[PDB]
Structures are given as C-alpha cells and as structure tokens.
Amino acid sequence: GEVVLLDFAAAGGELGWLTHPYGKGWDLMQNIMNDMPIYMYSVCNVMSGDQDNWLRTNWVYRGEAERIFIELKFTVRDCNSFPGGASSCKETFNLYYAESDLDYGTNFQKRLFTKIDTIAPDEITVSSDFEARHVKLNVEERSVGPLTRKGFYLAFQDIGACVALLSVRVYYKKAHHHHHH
C-alpha cells in the first residue's frame, strides 16, 4: 500500500536533473561492473575550499498525497581517505524541498527551498573497502507534510562531501502496506 511519486533508480539515468552551479558539482555517473548498469549522482570536491553544490529533482505532481516519505540510498567516503589537505571534507549532505503550484522549469532558486534534514551515513566507506569494490550503502528516510500545492521539488545540497546518491524513492502510504509472493 505505497503509491510511488518518484523513483530515480527505476528511471535508468533518463531524468536529467538540474545541477547548480553549471559544471562544478553533482554529476550523473554510470557504473557498468555488474550485469546491469548502475546510475547515480555523485560529487567529491574534497580539498577544494567551500562547496555549495545543488541537485534538484524535476517537478513532482502531488496528486492526493498529503504526507510523503523520501527514501534515499547513498554512499559516503571516509574523510580520512584523502590527503591531510576533514579540514576540507565533510561526511553529511543536506536534503531540501519546495512546494509550488507551477513548474518553474530550469529556474532554480535555492531561497525557495526549506531544509528537511542533514543526512548522515550509518556507515562510511573506508579506502580498503572502496578499492575492493565493497562500498557501504546507506538507507535514510524522512517524511514531509502536510503538502498543499499542486507539486513539489526535492533538492540535495553538497557542502564538501564525497557522496554518491543511488536511489531517491518518494511515496505516500495507504492502508495495508505490505509485500507478497
């Protein structure tokens, strides 16, 4: 009994989310070491001064949803992995949203967005695990509401972490929420 409004991983790299600023920050990446390609939005501008990198979903039609659940899956590399140059590395990133009746398209104004939470990993990925291709996937969920406008955006702010965002699943929940088969 979940109704899914957005599912990044299911979309196979095709959603073309907005990134700000032009060039520097979040980047759509692919990994093809498994049977099927994996997509993600990654950023890893550690050792590069202050970072303020934004990734914005497309507009999401709310429909009947009043309270949404936002499920994220992501990796974070240990700041000890990088030369002495966390004096220039963080292990969190920030989740934001904004409601609006109309889609503003390519006009992204971060001042319209409210922070939902700081997102922190239960497990950081250390270099030996990274080099062995055993990354530590984290799952975090947050809920937002009550929603009142025709739609909304989510956005992700990186402040200088080494993070890969592999899944963004937004749903609302009806009674009898279970699986089967």
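Counting begins at 1, following the sequence as shown. Heads up, when I say rigid core I mean the largest set of C-alphas that superpose within 1.5 Å between the two forms.
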Figure out for me whether 52 to 60 or 36 to 44 is the more displaced stretch in 8 other deposited structures of this protein, taking RMS C-alpha distance from the shown form once the rigid core is superposed. 36 to 44
C-alpha RMS from this form in 8 other deposited structures of this protein, rigid core superposed: larger for 96 to 104 or 76 to 84? 76 to 84
In the PDB record, does 127 to 135 or 151 to 159 carry the higher mean Cα temperature factor? 127 to 135
Assert higher mean C-alpha B factor (76 to 84 or 92 to 100, deposited values) equals 76 to 84
Select one of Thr118, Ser42, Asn58, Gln51: the residue whose C-alpha shows the highest B-factor in the crystal structure entry. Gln51
Compare the CA B factors listed in the entry for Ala65, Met36, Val144, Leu28 and report the winner. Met36
Where the record places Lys173 (Cα B-factor, split into thirds across the chain): highest
State the tercile, meaning the lowest, middle or highest third, of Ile70 with respect to the CA B-factors recorded for its chain. lowest
